[PDB]
$ cat my_file-v1.pdb   # PDB, C-alpha atoms
MODEL        1
ATOM      1  CA  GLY A  21      54.125  98.172  53.622  1.00  0.00           C
ATOM      2  CA  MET A  22      56.039 101.396  53.394  1.00  0.00           C
ATOM      3  CA  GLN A  23      54.832 104.344  55.480  1.00  0.00           C
ATOM      4  CA  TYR A  24      55.512 106.862  52.669  1.00  0.00           C
ATOM      5  CA  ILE A  25      56.547 107.191  49.027  1.00  0.00           C
ATOM      6  CA  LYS A  26      59.155 109.597  47.721  1.00  0.00           C
ATOM      7  CA  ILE A  27      58.103 109.608  44.090  1.00  0.00           C
ATOM      8  CA  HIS A  28      61.158 111.124  42.393  1.00  0.00           C
ATOM      9  CA  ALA A  29      64.772 111.722  43.454  1.00  0.00           C
ATOM     10  CA  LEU A  30      64.428 115.547  43.208  1.00  0.00           C
ATOM     11  CA  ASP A  31      61.246 115.733  45.254  1.00  0.00           C
ATOM     12  CA  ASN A  32      61.202 117.757  48.511  1.00  0.00           C
ATOM     13  CA  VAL A  33      57.944 116.143  49.650  1.00  0.00           C
ATOM     14  CA  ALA A  34      56.885 112.571  50.246  1.00  0.00           C
ATOM     15  CA  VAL A  35      53.330 111.183  50.317  1.00  0.00           C
ATOM     16  CA  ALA A  36      52.123 109.337  53.482  1.00  0.00           C
ATOM     17  CA  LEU A  37      50.719 105.899  52.716  1.00  0.00           C
ATOM     18  CA  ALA A  38      49.098 105.567  56.114  1.00  0.00           C
ATOM     19  CA  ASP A  39      47.810 108.053  58.721  1.00  0.00           C
ATOM     20  CA  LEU A  40      51.066 109.087  60.332  1.00  0.00           C
ATOM     21  CA  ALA A  41      51.184 110.648  63.807  1.00  0.00           C
ATOM     22  CA  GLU A  42      53.082 113.746  64.882  1.00  0.00           C
ATOM     23  CA  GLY A  43      56.519 112.742  66.162  1.00  0.00           C
ATOM     24  CA  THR A  44      56.848 109.726  63.864  1.00  0.00           C
ATOM     25  CA  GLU A  45      60.348 109.253  62.475  1.00  0.00           C
ATOM     26  CA  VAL A  46      60.641 108.178  58.848  1.00  0.00           C
ATOM     27  CA  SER A  47      63.773 106.877  57.050  1.00  0.00           C
ATOM     28  CA  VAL A  48      63.976 108.435  53.557  1.00  0.00           C
ATOM     29  CA  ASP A  49      66.935 108.500  51.226  1.00  0.00           C
ATOM     30  CA  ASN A  50      69.487 107.509  53.930  1.00  0.00           C
ATOM     31  CA  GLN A  51      68.281 110.307  56.294  1.00  0.00           C
ATOM     32  CA  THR A  52      65.643 110.607  59.024  1.00  0.00           C
ATOM     33  CA  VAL A  53      62.629 112.950  58.960  1.00  0.00           C
ATOM     34  CA  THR A  54      60.499 113.606  62.067  1.00  0.00           C
ATOM     35  CA  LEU A  55      56.913 114.572  61.445  1.00  0.00           C
ATOM     36  CA  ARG A  56      55.879 117.819  63.105  1.00  0.00           C
ATOM     37  CA  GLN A  57      52.157 117.304  62.624  1.00  0.00           C
ATOM     38  CA  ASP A  58      49.797 114.425  61.959  1.00  0.00           C
ATOM     39  CA  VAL A  59      49.880 113.641  58.220  1.00  0.00           C
ATOM     40  CA  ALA A  60      46.801 111.825  56.839  1.00  0.00           C
ATOM     41  CA  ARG A  61      47.255 109.059  54.293  1.00  0.00           C
ATOM     42  CA  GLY A  62      47.662 110.505  50.850  1.00  0.00           C
ATOM     43  CA  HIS A  63      48.906 113.858  52.108  1.00  0.00           C
ATOM     44  CA  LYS A  64      52.337 115.376  51.574  1.00  0.00           C
ATOM     45  CA  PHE A  65      55.015 116.125  54.096  1.00  0.00           C
ATOM     46  CA  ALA A  66      58.207 118.073  53.720  1.00  0.00           C
ATOM     47  CA  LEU A  67      61.524 116.277  53.382  1.00  0.00           C
ATOM     48  CA  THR A  68      63.520 119.532  53.738  1.00  0.00           C
ATOM     49  CA  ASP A  69      62.800 123.119  54.716  1.00  0.00           C
ATOM     50  CA  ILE A  70      60.813 124.817  51.957  1.00  0.00           C
ATOM     51  CA  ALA A  71      61.122 128.617  52.335  1.00  0.00           C
ATOM     52  CA  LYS A  72      58.210 130.923  51.579  1.00  0.00           C
ATOM     53  CA  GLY A  73      57.845 131.279  47.809  1.00  0.00           C
ATOM     54  CA  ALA A  74      60.076 128.250  47.103  1.00  0.00           C
ATOM     55  CA  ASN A  75      58.860 125.389  44.877  1.00  0.00           C
ATOM     56  CA  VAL A  76      57.316 122.183  46.101  1.00  0.00           C
ATOM     57  CA  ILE A  77      58.925 119.545  43.900  1.00  0.00           C
ATOM     58  CA  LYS A  78      56.854 116.362  43.351  1.00  0.00           C
ATOM     59  CA  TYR A  79      57.122 113.802  40.579  1.00  0.00           C
ATOM     60  CA  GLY A  80      60.355 115.646  39.803  1.00  0.00           C
ATOM     61  CA  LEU A  81      58.312 118.684  38.711  1.00  0.00           C
ATOM     62  CA  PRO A  82      57.789 122.099  40.278  1.00  0.00           C
ATOM     63  CA  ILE A  83      54.124 121.709  41.195  1.00  0.00           C
ATOM     64  CA  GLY A  84      53.707 124.842  43.218  1.00  0.00           C
ATOM     65  CA  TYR A  85      55.181 126.980  45.939  1.00  0.00           C
ATOM     66  CA  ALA A  86      55.124 127.539  49.702  1.00  0.00           C
ATOM     67  CA  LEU A  87      52.807 130.258  51.050  1.00  0.00           C
ATOM     68  CA  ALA A  88      54.907 130.526  54.216  1.00  0.00           C
ATOM     69  CA  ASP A  89      58.130 128.954  55.529  1.00  0.00           C
ATOM     70  CA  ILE A  90      57.621 125.205  55.897  1.00  0.00           C
ATOM     71  CA  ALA A  91      59.916 123.088  58.148  1.00  0.00           C
ATOM     72  CA  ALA A  92      61.216 119.618  57.244  1.00  0.00           C
ATOM     73  CA  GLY A  93      58.680 117.157  58.572  1.00  0.00           C
ATOM     74  CA  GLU A  94      55.663 119.480  58.401  1.00  0.00           C
ATOM     75  CA  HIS A  95      52.370 118.712  56.759  1.00  0.00           C
ATOM     76  CA  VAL A  96      52.259 120.218  53.224  1.00  0.00           C
ATOM     77  CA  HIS A  97      48.788 120.926  51.865  1.00  0.00           C
ATOM     78  CA  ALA A  98      46.393 123.725  50.820  1.00  0.00           C
ATOM     79  CA  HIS A  99      47.005 125.620  54.034  1.00  0.00           C
ATOM     80  CA  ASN A 100      50.657 126.327  53.335  1.00  0.00           C
ATOM     81  CA  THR A 101      51.085 125.804  49.583  1.00  0.00           C
ATOM     82  CA  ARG A 102      49.564 126.731  46.309  1.00  0.00           C
ATOM     83  CA  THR A 103      49.455 124.183  43.481  1.00  0.00           C
ATOM     84  CA  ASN A 104      50.171 125.596  39.974  1.00  0.00           C
ATOM     85  CA  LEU A 105      49.796 122.606  37.625  1.00  0.00           C
TER      86      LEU A 105
ATOM     87  CA  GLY B  21      63.517 110.583  32.532  1.00  0.00           C
ATOM     88  CA  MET B  22      60.147 109.154  31.462  1.00  0.00           C
ATOM     89  CA  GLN B  23      57.197 111.022  29.913  1.00  0.00           C
ATOM     90  CA  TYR B  24      54.824 109.532  32.542  1.00  0.00           C
ATOM     91  CA  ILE B  25      54.967 107.681  35.841  1.00  0.00           C
ATOM     92  CA  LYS B  26      52.613 105.058  37.210  1.00  0.00           C
ATOM     93  CA  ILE B  27      53.430 105.541  40.890  1.00  0.00           C
ATOM     94  CA  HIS B  28      52.018 102.306  42.388  1.00  0.00           C
ATOM     95  CA  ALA B  29      51.120  98.921  40.794  1.00  0.00           C
ATOM     96  CA  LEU B  30      47.467  99.267  41.817  1.00  0.00           C
ATOM     97  CA  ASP B  31      46.974 102.722  40.327  1.00  0.00           C
ATOM     98  CA  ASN B  32      44.425 103.338  37.580  1.00  0.00           C
ATOM     99  CA  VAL B  33      45.967 106.741  36.737  1.00  0.00           C
ATOM    100  CA  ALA B  34      49.467 107.810  35.698  1.00  0.00           C
ATOM    101  CA  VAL B  35      51.064 111.241  35.988  1.00  0.00           C
ATOM    102  CA  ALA B  36      52.292 113.077  32.877  1.00  0.00           C
ATOM    103  CA  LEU B  37      55.851 114.298  33.286  1.00  0.00           C
ATOM    104  CA  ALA B  38      55.783 116.585  30.208  1.00  0.00           C
ATOM    105  CA  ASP B  39      52.925 118.178  28.249  1.00  0.00           C
ATOM    106  CA  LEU B  40      51.555 115.215  26.299  1.00  0.00           C
ATOM    107  CA  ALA B  41      49.580 115.702  23.090  1.00  0.00           C
ATOM    108  CA  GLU B  42      46.278 114.064  22.293  1.00  0.00           C
ATOM    109  CA  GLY B  43      47.268 110.908  20.378  1.00  0.00           C
ATOM    110  CA  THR B  44      50.335 109.860  22.359  1.00  0.00           C
ATOM    111  CA  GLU B  45      50.814 106.108  22.920  1.00  0.00           C
ATOM    112  CA  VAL B  46      51.924 105.265  26.444  1.00  0.00           C
ATOM    113  CA  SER B  47      53.593 102.104  27.800  1.00  0.00           C
ATOM    114  CA  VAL B  48      54.082 101.432  31.473  1.00  0.00           C
ATOM    115  CA  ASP B  49      54.228  98.579  34.002  1.00  0.00           C
ATOM    116  CA  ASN B  50      53.568  96.317  30.972  1.00  0.00           C
ATOM    117  CA  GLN B  51      50.317  98.288  30.228  1.00  0.00           C
ATOM    118  CA  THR B  52      49.597 100.322  27.029  1.00  0.00           C
ATOM    119  CA  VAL B  53      47.074 103.247  26.431  1.00  0.00           C
ATOM    120  CA  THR B  54      46.370 106.072  23.885  1.00  0.00           C
ATOM    121  CA  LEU B  55      45.670 109.610  25.198  1.00  0.00           C
ATOM    122  CA  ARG B  56      42.333 111.181  24.237  1.00  0.00           C
ATOM    123  CA  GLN B  57      42.941 114.767  25.341  1.00  0.00           C
ATOM    124  CA  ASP B  58      46.060 116.826  25.845  1.00  0.00           C
ATOM    125  CA  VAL B  59      47.484 116.132  29.284  1.00  0.00           C
ATOM    126  CA  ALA B  60      49.547 118.915  30.880  1.00  0.00           C
ATOM    127  CA  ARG B  61      52.707 118.036  32.833  1.00  0.00           C
ATOM    128  CA  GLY B  62      51.843 117.058  36.473  1.00  0.00           C
ATOM    129  CA  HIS B  63      48.271 116.051  35.500  1.00  0.00           C
ATOM    130  CA  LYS B  64      46.686 112.605  35.694  1.00  0.00           C
ATOM    131  CA  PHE B  65      45.330 110.412  32.927  1.00  0.00           C
ATOM    132  CA  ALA B  66      43.438 107.146  33.163  1.00  0.00           C
ATOM    133  CA  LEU B  67      45.287 103.889  32.498  1.00  0.00           C
ATOM    134  CA  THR B  68      42.019 101.990  32.277  1.00  0.00           C
ATOM    135  CA  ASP B  69      38.277 102.742  32.178  1.00  0.00           C
ATOM    136  CA  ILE B  70      37.035 104.171  35.494  1.00  0.00           C
ATOM    137  CA  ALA B  71      33.273 104.014  35.908  1.00  0.00           C
ATOM    138  CA  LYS B  72      31.145 106.721  37.483  1.00  0.00           C
ATOM    139  CA  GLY B  73      31.546 106.483  41.258  1.00  0.00           C
ATOM    140  CA  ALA B  74      34.519 104.198  41.111  1.00  0.00           C
ATOM    141  CA  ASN B  75      37.700 105.053  43.023  1.00  0.00           C
ATOM    142  CA  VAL B  76      40.622 106.794  41.460  1.00  0.00           C
ATOM    143  CA  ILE B  77      43.604 104.787  42.785  1.00  0.00           C
ATOM    144  CA  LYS B  78      46.888 106.646  43.105  1.00  0.00           C
ATOM    145  CA  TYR B  79      49.887 105.942  45.373  1.00  0.00           C
ATOM    146  CA  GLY B  80      48.145 102.599  45.885  1.00  0.00           C
ATOM    147  CA  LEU B  81      45.332 104.425  47.752  1.00  0.00           C
ATOM    148  CA  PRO B  82      41.791 105.385  47.009  1.00  0.00           C
ATOM    149  CA  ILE B  83      42.164 109.100  46.670  1.00  0.00           C
ATOM    150  CA  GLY B  84      38.741 109.979  45.306  1.00  0.00           C
ATOM    151  CA  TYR B  85      36.117 108.871  42.797  1.00  0.00           C
ATOM    152  CA  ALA B  86      34.864 109.477  39.213  1.00  0.00           C
ATOM    153  CA  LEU B  87      32.035 111.966  38.620  1.00  0.00           C
ATOM    154  CA  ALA B  88      31.263 110.302  35.272  1.00  0.00           C
ATOM    155  CA  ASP B  89      32.403 107.327  33.281  1.00  0.00           C
ATOM    156  CA  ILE B  90      36.054 107.930  32.401  1.00  0.00           C
ATOM    157  CA  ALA B  91      37.627 106.202  29.364  1.00  0.00           C
ATOM    158  CA  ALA B  92      41.194 104.859  29.309  1.00  0.00           C
ATOM    159  CA  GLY B  93      43.454 107.655  28.078  1.00  0.00           C
ATOM    160  CA  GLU B  94      41.272 110.546  29.271  1.00  0.00           C
ATOM    161  CA  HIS B  95      42.513 113.537  31.230  1.00  0.00           C
ATOM    162  CA  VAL B  96      41.711 112.950  34.911  1.00  0.00           C
ATOM    163  CA  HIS B  97      41.161 116.167  36.883  1.00  0.00           C
ATOM    164  CA  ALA B  98      38.685 118.398  38.750  1.00  0.00           C
ATOM    165  CA  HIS B  99      36.239 118.190  35.847  1.00  0.00           C
ATOM    166  CA  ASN B 100      35.608 114.430  36.059  1.00  0.00           C
ATOM    167  CA  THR B 101      36.811 113.330  39.513  1.00  0.00           C
ATOM    168  CA  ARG B 102      36.577 114.415  43.140  1.00  0.00           C
ATOM    169  CA  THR B 103      39.483 114.076  45.545  1.00  0.00           C
ATOM    170  CA  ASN B 104      38.666 112.860  49.074  1.00  0.00           C
ATOM    171  CA  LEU B 105      42.053 112.681  50.805  1.00  0.00           C
TER     172      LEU B 105
ENDMDL
END

$ encode --input "my_file-v1.pdb" --output "structure tokens"
Amino acid sequence: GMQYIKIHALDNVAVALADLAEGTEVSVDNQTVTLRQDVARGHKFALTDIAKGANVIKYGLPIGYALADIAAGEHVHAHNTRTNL
Amino acid sequence: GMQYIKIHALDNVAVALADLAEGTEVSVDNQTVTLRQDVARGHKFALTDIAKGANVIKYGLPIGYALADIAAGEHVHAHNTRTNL
């Protein structure tokens, strides 16, 4: 099966579908993303840089914002984002 | 776009993509259901009954479990499920 799902075309995060190790390369939307941390199954990782204060877009919706600068390929979770739904 | 997304074929929840009113009839992945509470954009609702203790399945993964019996078309959130990812 797929290692990740990118739920919606506008999303700047994808969800890991397996426990993915730091340094793993993923092919998403005709580009490559390299994980910068371990990302547990079900957790988000960044498809692009998400600057501090910038929206996390998931399901095509702004679901929250970054609490600090997040780099493409980093683990996105409670530590570095706030969810606003 | 749609008013909801069922992300994976195994999921027993869908994600509202707009603020859906109590009463709305939903059709997805050949499945129908009628909403029993308002469901805010970005929030989950049950596609089928989910018994107390039973997994919430989202992204094709077990992401958590029900704290109480959940009826098809109910709002699924912190009040009636726990997330274990």

$ residues_around --input "my_file-v1.pdb" --residues "range 54-58 of chain B" --least-positions-apart "4" --cutoff "10 Å" --atoms "only C-alpha atoms" --output "PDB file with C-alpha atoms, in the coordinates of the input"
ATOM      1  CA  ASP B  39      52.925 118.178  28.249  1.00  0.00           C
ATOM      2  CA  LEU B  40      51.555 115.215  26.299  1.00  0.00           C
ATOM      3  CA  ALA B  41      49.580 115.702  23.090  1.00  0.00           C
ATOM      4  CA  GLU B  42      46.278 114.064  22.293  1.00  0.00           C
ATOM      5  CA  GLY B  43      47.268 110.908  20.378  1.00  0.00           C
ATOM      6  CA  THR B  44      50.335 109.860  22.359  1.00  0.00           C
ATOM      7  CA  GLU B  45      50.814 106.108  22.920  1.00  0.00           C
ATOM      8  CA  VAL B  46      51.924 105.265  26.444  1.00  0.00           C
ATOM      9  CA  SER B  47      53.593 102.104  27.800  1.00  0.00           C
ATOM     10  CA  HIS B  63      48.271 116.051  35.500  1.00  0.00           C
ATOM     11  CA  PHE B  65      45.330 110.412  32.927  1.00  0.00           C
ATOM     12  CA  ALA B  66      43.438 107.146  33.163  1.00  0.00           C
ATOM     13  CA  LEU B  67      45.287 103.889  32.498  1.00  0.00           C
ATOM     14  CA  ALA B  91      37.627 106.202  29.364  1.00  0.00           C
ATOM     15  CA  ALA B  92      41.194 104.859  29.309  1.00  0.00           C
ATOM     16  CA  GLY B  93      43.454 107.655  28.078  1.00  0.00           C
ATOM     17  CA  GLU B  94      41.272 110.546  29.271  1.00  0.00           C
ATOM     18  CA  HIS B  95      42.513 113.537  31.230  1.00  0.00           C
ATOM     19  CA  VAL B  96      41.711 112.950  34.911  1.00  0.00           C
TER      20      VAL B  96
END

$ resolve_selection --input "my_file-v1.pdb" --expression "the PyMOL selection byres ((chain B and resi 23) around 6)" --output "PyMOL selection string"
chain B and resi 22+24+37-38

$ resolve_selection --input "my_file-v1.pdb" --expression "the ChimeraX specification (/B :<12) & /A" --output "ChimeraX atom specification"
/A:21-30,34-39,59-64,77-84,97-98,103-105

$ resolve_selection --input "my_file-v1.pdb" --expression "the PyMOL selection byres ((chain A and resi 89) around 9)" --output "list in words"
residues 69, 70, 71, 72, 73, 74, 86, 87, 88, 90, 91 and 100 of chain A

$ atom_distance --input "my_file-v1.pdb" --atom1 "CA of residue 48 in chain A" --atom2 "CA of residue 75 in chain A"
19.7 Å

$ calpha_fit_and_write --input "my_file-v1.pdb" --fixed "chain B" --moving "chain A" --output "mmCIF file with C-alpha atoms, keeping the file's coordinate frame"
data_model
loop_
_atom_site.group_PDB
_atom_site.id
_atom_site.type_symbol
_atom_site.label_atom_id
_atom_site.label_comp_id
_atom_site.auth_asym_id
_atom_site.auth_seq_id
_atom_site.Cartn_x
_atom_site.Cartn_y
_atom_site.Cartn_z
ATOM 1 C CA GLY A 21 63.320 111.086 30.854
ATOM 2 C CA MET A 22 60.122 109.164 31.290
ATOM 3 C CA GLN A 23 56.920 110.681 29.896
ATOM 4 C CA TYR A 24 54.848 109.582 32.930
ATOM 5 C CA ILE A 25 55.057 108.001 36.380
ATOM 6 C CA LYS A 26 52.816 105.227 37.635
ATOM 7 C CA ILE A 27 53.390 105.710 41.340
ATOM 8 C CA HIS A 28 52.077 102.433 42.771
ATOM 9 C CA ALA A 29 51.231 99.025 41.282
ATOM 10 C CA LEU A 30 47.500 99.332 42.171
ATOM 11 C CA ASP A 31 47.081 102.791 40.684
ATOM 12 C CA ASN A 32 44.582 103.336 37.827
ATOM 13 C CA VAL A 33 46.083 106.728 36.956
ATOM 14 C CA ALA A 34 49.547 107.861 35.978
ATOM 15 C CA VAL A 35 50.997 111.383 36.230
ATOM 16 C CA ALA A 36 52.364 113.059 33.035
ATOM 17 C CA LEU A 37 55.913 114.324 33.459
ATOM 18 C CA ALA A 38 55.759 116.446 30.335
ATOM 19 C CA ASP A 39 52.935 118.122 28.373
ATOM 20 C CA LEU A 40 51.583 115.153 26.469
ATOM 21 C CA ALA A 41 49.503 115.572 23.303
ATOM 22 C CA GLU A 42 46.230 113.865 22.450
ATOM 23 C CA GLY A 43 46.938 110.664 20.524
ATOM 24 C CA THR A 44 50.262 109.982 22.247
ATOM 25 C CA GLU A 45 50.855 106.310 22.999
ATOM 26 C CA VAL A 46 52.467 105.463 26.328
ATOM 27 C CA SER A 47 53.950 102.090 27.406
ATOM 28 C CA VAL A 48 52.943 101.356 31.028
ATOM 29 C CA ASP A 49 53.163 98.075 32.866
ATOM 30 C CA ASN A 50 53.661 95.966 29.686
ATOM 31 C CA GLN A 51 50.564 97.524 27.997
ATOM 32 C CA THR A 52 49.915 100.550 25.778
ATOM 33 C CA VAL A 53 47.686 103.522 26.662
ATOM 34 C CA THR A 54 46.614 106.104 24.054
ATOM 35 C CA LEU A 55 45.846 109.554 25.354
ATOM 36 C CA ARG A 56 42.410 110.834 24.396
ATOM 37 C CA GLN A 57 43.086 114.438 25.348
ATOM 38 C CA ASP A 58 46.092 116.664 25.906
ATOM 39 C CA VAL A 59 47.440 116.008 29.420
ATOM 40 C CA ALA A 60 49.524 118.836 30.951
ATOM 41 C CA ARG A 61 52.636 117.993 32.936
ATOM 42 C CA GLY A 62 51.728 117.065 36.461
ATOM 43 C CA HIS A 63 48.191 116.033 35.568
ATOM 44 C CA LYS A 64 46.687 112.563 35.807
ATOM 45 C CA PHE A 65 45.491 110.304 33.057
ATOM 46 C CA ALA A 66 43.544 107.095 33.245
ATOM 47 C CA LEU A 67 45.286 103.763 32.793
ATOM 48 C CA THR A 68 41.966 101.850 32.651
ATOM 49 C CA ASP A 69 38.290 102.716 32.365
ATOM 50 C CA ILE A 70 37.088 104.259 35.623
ATOM 51 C CA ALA A 71 33.269 104.017 35.800
ATOM 52 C CA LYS A 72 31.181 106.782 37.338
ATOM 53 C CA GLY A 73 31.418 106.565 41.129
ATOM 54 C CA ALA A 74 34.463 104.248 41.008
ATOM 55 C CA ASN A 75 37.662 105.104 42.919
ATOM 56 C CA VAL A 76 40.679 106.813 41.457
ATOM 57 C CA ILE A 77 43.583 104.882 42.951
ATOM 58 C CA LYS A 78 46.864 106.840 43.304
ATOM 59 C CA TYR A 79 49.812 106.146 45.570
ATOM 60 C CA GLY A 80 48.029 102.835 46.126
ATOM 61 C CA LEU A 81 45.248 104.691 47.975
ATOM 62 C CA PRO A 82 41.646 105.453 47.057
ATOM 63 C CA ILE A 83 41.983 109.214 46.655
ATOM 64 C CA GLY A 84 38.588 109.941 45.232
ATOM 65 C CA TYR A 85 36.020 108.905 42.686
ATOM 66 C CA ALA A 86 34.890 109.539 39.109
ATOM 67 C CA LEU A 87 32.055 112.039 38.568
ATOM 68 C CA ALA A 88 31.250 110.450 35.202
ATOM 69 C CA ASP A 89 32.520 107.464 33.187
ATOM 70 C CA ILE A 90 36.179 108.018 32.320
ATOM 71 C CA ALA A 91 37.866 106.092 29.446
ATOM 72 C CA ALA A 92 41.400 104.664 29.591
ATOM 73 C CA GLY A 93 43.690 107.371 28.294
ATOM 74 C CA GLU A 94 41.498 110.329 29.280
ATOM 75 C CA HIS A 95 42.593 113.330 31.261
ATOM 76 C CA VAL A 96 41.652 112.900 34.963
ATOM 77 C CA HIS A 97 41.249 116.122 36.925
ATOM 78 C CA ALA A 98 38.706 118.333 38.744
ATOM 79 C CA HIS A 99 36.324 118.223 35.809
ATOM 80 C CA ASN A 100 35.641 114.508 36.050
ATOM 81 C CA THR A 101 36.724 113.509 39.566
ATOM 82 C CA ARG A 102 36.351 114.512 43.136
ATOM 83 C CA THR A 103 39.306 114.182 45.516
ATOM 84 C CA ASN A 104 38.432 112.939 49.051
ATOM 85 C CA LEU A 105 41.756 112.945 50.934
#

$ atom_distance --input "my_file-v1.pdb" --atom1 "CA of residue 31 in chain A" --atom2 "CA of residue 33 in chain B"
19.7 Å
